[PDB]
There are 2 protein chains.
Amino acid sequence: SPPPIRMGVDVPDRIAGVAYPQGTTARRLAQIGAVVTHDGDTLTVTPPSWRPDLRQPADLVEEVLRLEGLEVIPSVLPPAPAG
Amino acid sequence: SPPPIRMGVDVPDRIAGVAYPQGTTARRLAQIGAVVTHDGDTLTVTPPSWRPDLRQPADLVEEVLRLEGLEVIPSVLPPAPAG
Ligand SMILES: [Mg+2]
Ligand SMILES: [Mg+2]
């Protein structure tokens, strides 16, 4: 088993800009073969042995975003300062 | 006496972008001769008879801002819109 990863339950929601339904992050991370335990608002994710690419929370964010479909991510313009 | 004017207690703070000390708006408006009464977070300002120019909250904002001095207003570039 690779080392466990600690990540907030709403981290994929923040990076995607989408409010995913309840339990979406835990369910998708369990589908790809990882074991997820709940510690309040923080998830402890241990990726499966066949997924050594999952080392940081960003690696887990890509798993949720790609399985939920990148088409659900809205289109908002960033707040760029005066150049 | 001209009709009374209602505006928020922090309206001059918002228009100026400066967090004035508490009681600044009420002190300055009474200083120019207006009757100021308190109702929660809304000020009822009755300008004096020699100030018919004070008719709207914007007129009251000018009095607080000019007496406190426009030098305290910081230089904050607004975010660049997607032009
Ligand atoms: Mg990846
Ligand atoms: Mg004026």
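Here chain A follows Swiss-Prot, giving residues 415-497 in order.
Recorded method is X-ray crystallography, 2.5 Å.
Every residue gets a Cβ built from N, Cα and C, even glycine.
In the three-state DSSP classification, A:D467 (Mg(2+) binding site) falls within coil. Here Swiss-Prot flags A:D467, A:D473, A:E476, A:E477 as Mg(2+) binding site.
Neighbour density at the Cβ, taken as the number of other Cβ atoms within 10 Å, is lowest among the binding-site residues A:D467, A:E476, A:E477 for A:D467. DSSP classifies A:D473 (Mg(2+) binding site) as helix under the three-state reduction.
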